[PDB]
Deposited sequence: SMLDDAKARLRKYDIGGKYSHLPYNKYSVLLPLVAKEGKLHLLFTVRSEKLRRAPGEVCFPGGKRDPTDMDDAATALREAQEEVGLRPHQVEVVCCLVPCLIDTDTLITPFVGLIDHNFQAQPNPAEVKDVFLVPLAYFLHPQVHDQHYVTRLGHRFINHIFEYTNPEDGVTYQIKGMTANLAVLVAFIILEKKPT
């Protein structure tokens, strides 16, 4: 099936806990995969204008590890629950992708999760201004604008709203699209 095939592909790129004990300032993100209308989609947030870091930017749900978290995957799930109301029974964490080094002292660990079909996002306005889906296939033929650094523009056909996706968030979206969609019969 579509979903069994995606999980099987993702498992080949899992690094597991190989870099998880290194002494960094630690953050995790969840890359949430949603199946709709027979295609895979990624779920994105727009950060609240009130936040200190990156207000109003497009990002994946996530945040800083705390002492309650059993492991780095727990960080991602706790933060996703706080931001968009995703509960544990509604997500299956399939793998841990290559981590992102930033600021000389920080390590960001990305997890891919398969989202239940009955989940409906409940944006927490203290943290998130908006939540939206983008089909995974978009990232193979994106609409690129140069700011020089490359920026993607995605327009939702439901309402005409355009979102700018860039940086680590854009890079990770392309990586997931390549892993899941490369070399597939039609």
Q. What ranges of the deposited sequence are left out of this structure?
A. 148-157
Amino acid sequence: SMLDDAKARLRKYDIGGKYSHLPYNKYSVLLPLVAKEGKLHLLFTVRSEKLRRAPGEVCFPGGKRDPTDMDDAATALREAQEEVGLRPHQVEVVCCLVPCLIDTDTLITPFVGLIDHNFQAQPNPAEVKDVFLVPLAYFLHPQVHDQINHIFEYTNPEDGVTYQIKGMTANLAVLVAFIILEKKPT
From here on, numbers count along this sequence of modelled residues.
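Just so we're on the same page, rigid core means the largest C-alpha set that superposes within 1.5 Å between forms.
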Q) Do the Cα atoms of 46-54 stray more than those of 24-32 in 8 other deposited structures of this protein, or is it the other way round, with the core held fixed? A) 46-54
Q: Please work out which of 63-71 and 48-56 has the higher mean CA B-factor as recorded in the PDB entry.
A: 48-56
Q) As stated in the PDB record, which stretch has the larger average Cα B-factor, 9-17 or 170-178? A) 9-17
Q) Should residue 95 be placed in the lowest, middle or highest third of its chain by the C-alpha B factor in the entry? A) middle
Q | Within-chain third of residue 79 by Cα B-factor, per the entry | A | lowest
Q | Third of the chain's Cα B-factor distribution that residue 41 belongs to, per the entry | A | lowest
Q | Third assignment of residue 151 from its chain's C-alpha B-factors | A | highest
Q) residue 145: which third of its chain by C-alpha temperature factor? A) highest
